[PDB]
Amino acid sequence: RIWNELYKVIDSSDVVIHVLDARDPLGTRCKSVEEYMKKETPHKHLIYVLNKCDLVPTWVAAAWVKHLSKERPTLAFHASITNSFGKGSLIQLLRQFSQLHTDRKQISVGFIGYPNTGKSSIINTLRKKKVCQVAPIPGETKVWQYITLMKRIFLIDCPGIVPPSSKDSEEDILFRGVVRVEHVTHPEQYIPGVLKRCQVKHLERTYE
Amino acid sequence: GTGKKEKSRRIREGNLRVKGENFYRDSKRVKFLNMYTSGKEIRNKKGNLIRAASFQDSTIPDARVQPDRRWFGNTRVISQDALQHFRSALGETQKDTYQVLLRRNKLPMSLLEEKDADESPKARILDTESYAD
Amino acid sequence: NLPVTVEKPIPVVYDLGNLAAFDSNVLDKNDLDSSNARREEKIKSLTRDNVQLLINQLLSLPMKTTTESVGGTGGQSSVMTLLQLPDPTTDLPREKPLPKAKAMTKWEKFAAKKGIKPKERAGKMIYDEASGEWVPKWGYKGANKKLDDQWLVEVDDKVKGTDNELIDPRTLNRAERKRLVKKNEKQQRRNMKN
Amino acid sequence: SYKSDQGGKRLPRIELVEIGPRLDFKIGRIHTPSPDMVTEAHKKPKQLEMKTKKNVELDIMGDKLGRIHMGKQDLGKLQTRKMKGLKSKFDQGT
Amino acid sequence: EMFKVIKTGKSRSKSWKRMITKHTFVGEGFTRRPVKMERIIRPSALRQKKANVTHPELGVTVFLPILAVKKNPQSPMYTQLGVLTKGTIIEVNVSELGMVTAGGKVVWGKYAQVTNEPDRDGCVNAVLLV
Ligand SMILES: Nc1nc2c(ncn2[C@@H]2O[C@H](COP(=O)(O)OP(=O)(O)O)[C@@H](O)[C@H]2O)c(=O)[nH]1
Ligand code: ALF
Ligand SMILES: [K+]
Ligand SMILES: [Mg+2]
């Protein structure tokens with residue numbers, strides 16, 4: 001059902017925004033969907049939005065933007081209805097896409113990516129209103145949703161997708177914020193992953 | 001309110017006008033908005049079909065193809081010079097990350113995608129020796 | 001082995017589309033007067049230098065080659081190499097004004113208002129049901145004139161009680177068709193007048 | 001055209017032979033056109049040329065391409081989240 | 001037969017949407033219309049890009065890419081919708097057939113006629129018009 005929704009929004013979209021997490025963008029990249037888009041539908045414009053940049057140091061966000069710009073146009077973003085970052089840049093980029101496709105009478109911008117990257121949060125940021133439901137729990141969005149940004153620009157909200165793989169272990173999937181933690185068996189087996197991924201000083205400051 | 005009447009608005013700005021056309025809607029707008037209520041079949045008191053539902057007509061068409069020499073000629077050809085130009089161009093292209101594809105050109109890409117390969121595919125050994133042998 | 005590098009005080013401008021060169025240098029009236037005996041040599045030398053520069057530019061222009069042979073359309077065969085002349089630069093007036101676009105006729109305005117899209121106009125052939133043949137629908141041996149040659153026509157009941165009862169229906173249909181043609185011609189002349 | 005022997009076989013030397021007719025024109029009289037007639041005669045049709053749209057190009061392969069411009073991303077105006085684990089006041093073992 | 005009524009609304013009271021039940025060719029650069037204005041529905045599973053084209057001379061069949069739908073015999077409306085039914089004239093890429101004109105030009109586009117019902121057999125079969 002989720003992948004049916006994904007292919008529906010891709011078939012309906014002119015611009016596709018792939019949303020990455022600023023903490024682990026390579027972890028949150030959907031390379032198979034990118035390759036499908038570049039092979040079968042080359043006329044659809046795929047760009048990167050690096051969300052949650054407020055959770056990383058500024059130089060980390062700058063370096064990730066620089067390295068991802070060697071492949072795709074990448075925009076740093078912080079999604080918030082009241083105090084955001086990058087909203088004007090995203091809006092002017094969308095207006096440029098509309099101007100390029102000024103004979104289409106409207107364009108659609110579909111937001112795809114991993115669960116909990118903040119697709120609904122970015123759409124709410126662009127609309128300056130809570131129009132898509134947002135929750136910290138993954139899978140809050142289930143079906144697609146059309147949002148009218150301007151008269152000629154539609155945004156399409158899509159549920160998060162996790163492409164299947166064999167190298168992606170359960171620990172990697174859990175630490176990408178994909179699964180609901182209340183439904184896992186033994187989280188003490190994953191706590192050493194937290195210890196390896198976090199600084200000792202940061203942990204000791206957080207938990208005293 | 002003589003100035004707010006439908007006639008006076010037509011003066012300020014015969015049989016071609018449709019129902020619903022007013023200060024807010026013209027004829028094309030009216031018919032496009034009636035699309036959302038269009039798809040209904042109309043029947044009379046006795047059950048006769050006054051008008052079939054849109055895109056649901058039941059009349060069998062007479063599907064024929066007339067003889068015409070336009071069917072047997074070539075539709076697309078390409079010269080050797082154009083082929084060589086596109087073959088040389090495919091390889092000179094430096095893709096920029098900030099350029100998007102607006103419209104792909106229609107070309108004989110099977111004739112144009114010819115890259116020199118350093119190795120040959122393996123020979124078909126079944127041509128010389130079968131399983132039974 | 002004469003030199004081929006002409007040196008000039010003011011650099012010559014070029015219009016390669018018109019095969020023309022323009023040098024704006026100083027010319028001596030005493031060296032160019034009709035009294036002198038070297039005036040023709042002076043004119044020849046000036047033209048020589050300007051033509052040398054122009055020919056250098058023309059032979060420095062990019063060239064177009066082809067691999068097609070003779071006997072085909074195009075004119076240029078494999079042995080020929082052609083200079084690619086740029087667009088001309090000198091502004092020259094046209095002989096006639098630009099073709100004005102004809103104003104929209106009554107039919108065109110009506111079709112725009114009612115949103116009628118233009119016809120596909122695939123061809124003039126239609127299938128005649130009674131036979132098994134495709135026939136033109138108008139013109140030479142067209143299907144719009146088959147009633148003229150039909151062997152038997154039933155006289156309509158509505159023609160009774162009129163002075164047109166004794167007239168041939170084929171002749172009546174020819175008259176009606178000609179009246180429609182003349183009505184179309186009159187409408188066209190009206191559009192031309194407007 | 002004669003072989004130059006200094007500019008190679010690609011650049012020949014030019015010479016001229018007059019054919020005539022040689023003419024000396026004295027410029028007696030002039031009748032000039034009006035400016036509106038000049039402008040009407042020097043108008044251009046422009047139906048022939050493809051309309052040039054900004055940020056749109058046609059490449060060597062014949063694909064229509066559009067250009068987008070990101071603009072300046074000033075990350076110095078971004079305030080990162082003031083997490084508790086980044087605060088010196090919650091230091092342990094001092 | 002060609003269209004199927006698609007009802008919308010919570011109580012399924014609106015019936016303006018139609019779905020084409022046959023196979024279609026949509027062409028390059030197809031993007032689905034917004035669902036609020038999408039009257040005619042061509043489902044992606046029924047879309048076609050290639051056909052088994054048979055050359056009457058030399059007796060061979062090749063899987064060729066489709067270029068356009070030239071004429072659907074049922075209606076010009078089905079022609080412009082790209083309906084692929086029996087008898088439809090389509091344009092096919094014949095680059096791999098190695099055809100050359102008398103003037104030397106390489107032929108890479110010709111006409112073919114669909115000879116099967118793709119909605120019945122899952123594939124488009126066509127005969128080249130030579
Ligand atoms: N700090 C921070 N949190 C974010 C940002 N964007 C989203 N979130 C949080 O991430 C969670 C998931 O957001 P959501 O929009 O539902 O993700 P989605 O599954 O992609 O739609 C929410 O609790 C948000 O508060 C951001 O830019 N910065
Ligand atoms: F992608 Al979501 F909740 F919208 F995980
Ligand atoms: K969520
Ligand atoms: Mg969401």
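Chain A is the first sequence line, chain B the second, and so forth, proteins listed ahead of strands; every chain is numbered from 1. Every heavy atom of this structure was used, including side-chain atoms; hydrogens, water molecules and symmetry mates were not.
- Between the side chains of E:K14 and B:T37, no donor N or O sits under 3.5 Å from an acceptor N or O.
- Counted by atom type alone, A:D14 and A:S108 present zero donor-acceptor pairs between their side chains at under 3.5 Å.
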Next on the checklist: Show, in sequence, the C-alpha distance, side-chain angles and deciding distance for B:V30 and B:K19, and conclude whether the side chain to side chain contact (heavy atoms under 4.5 Å, CB included) test is met.
Outcome noted: CA-CA 8 Å; B:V30 159; B:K19 284 182 175 177; over 6 Å; no

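- Between C:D168 and C:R170 there is a salt bridge, since at least one side-chain N of the basic residue sits less than 4.0 Å from a carboxylate O of the acidic one.
- For NZ of C:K106, the number of neighbouring non-hydrogen atoms (other residues, nucleotides, ligands) closer than 6.0 Å is 12 at most.
- More than 12 heavy atoms of other residues, nucleotides or ligands lie within 6.0 Å of CZ in E:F63, so this atom counts as buried by the packing criterion.
- The salt bridge (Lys or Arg N to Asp or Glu O under 4.0 Å) search around A:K38 returns A:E35, not counting sequence neighbours.
- Note that the CG atom of D:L58 and the CG atom of D:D63 stand 8.0 Å from one another [nearest 0.5 Å].
- No more than 12 heavy-atom neighbours from other residues, nucleotides or ligands sit within 6.0 angstrom of CD on C:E133.
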Checklist entry - For E:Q113 and E:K70, what are the C-alpha separation, side-chain angles and deciding distance, and is it a side-chain hydrogen bond (donor to acceptor under 3.5 Å, both in side chains)? => result CA-CA 10 Å; E:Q113 187 170 38; E:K70 174 64 173 188; over 6 Å; no

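- Between A:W144 and A:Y146, the two ring planes are perpendicular [angle over 60°; tilted spans 30° to 60°].
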Checklist entry - Does the side chain to side chain contact (heavy atoms under 4.5 Å, CB included) test come out yes or no for B:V100 and A:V15, once each step is laid out? => result CA-CA 10 Å; B:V100 299; A:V15 178; over 6 Å; no

Checklist entry - Please walk me through it: do A:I147 and A:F154 pass side chain to side chain contact (heavy atoms under 4.5 Å, CB included)? => result CA-CA 6 Å; A:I147 303 290; A:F154 303 155; over 6 Å; no

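- The pair B:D68-B:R70 meets the salt-bridge criterion, since a charged nitrogen lies less than 4.0 angstrom from a carboxylate oxygen.
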Next on the checklist: Test side-chain hydrogen bond (donor to acceptor under 3.5 Å, both in side chains) on C:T171 and C:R174; report intermediate values, then the result.
Outcome noted: CA-CA 5 Å; C:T171 303; C:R174 281 194 292 264; 3.2 Å; yes

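- Put simply, NE2 on E:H55 and CG on E:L97 are 6.0 Å apart, with the number rounded to the nearest 0.5 Å.
- Within the structure, every pair that satisfies the side-chain hydrogen bond (donor to acceptor under 3.5 Å, both in side chains) test and touches residues 19-39 of chain E, not counting sequence neighbours, is listed here: A:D11-E:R32, A:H43-E:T31, A:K44-E:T31, E:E1-E:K22, E:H23-E:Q48.
- Residues satisfying the side chain to side chain contact (heavy atoms under 4.5 Å, CB included) test with E:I40, not counting sequence neighbours, are B:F55, E:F3, E:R18, E:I20, E:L81.
- With sequence neighbours excluded, no residue forms a salt bridge (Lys or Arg N to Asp or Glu O under 4.0 Å) with C:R190.
- Salt bridge status for C:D148 with C:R177: present, with a side-chain N to carboxylate O gap under 4.0 Å.
- Around atom NZ of C:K109, no more than 12 heavy atoms belonging to other residues, nucleotides or ligands sit under 6.0 Å away.
- Ring geometry for B:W71 versus E:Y111: interplanar angle over 60°, hence perpendicular rather than tilted (30 to 60°).
- Between B:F32 and B:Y36, the angle of the ring planes goes over 60°, which puts this pair in the perpendicular group of the 30/60° scheme.
- Within the 4.5 Å cutoff, the side chain of B:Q80 has heavy atoms near those of the E:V106 side chain.
- By the 6.0 Å contact criterion, NZ on A:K105 is open, its count of non-hydrogen atoms from other residues, nucleotides or ligands being 12 or less.
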Next on the checklist: Go through it in stages, so that I can follow the logic: the residues are E:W16 and E:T8, the test is side chain to side chain contact (heavy atoms under 4.5 Å, CB included), and I'd like the CA-CA distance, side-chain angles, deciding distance and then a yes or no.
Outcome noted: CA-CA 8 Å; E:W16 59 279; E:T8 49; 3.8 Å; yes

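- If you check the side chains of B:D57 and B:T59, you find a donor sitting under 3.5 Å from an acceptor.
- Residues in residues 91-100 of chain E take part in these side-chain hydrogen bond (donor to acceptor under 3.5 Å, both in side chains) pairs, two or more places apart or across chains: B:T75-E:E91, B:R76-E:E91, E:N93-E:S95.
- Taking the side chain to side chain contact (heavy atoms under 4.5 Å, CB included) definition, one finds that B:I42 meets it with B:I50, B:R51, sequence neighbours left out.
- Side-chain atoms of A:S12 come within 3.5 Å of backbone atoms of A:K8 as a donor-acceptor pair (strictly under, hydrogens ignored).
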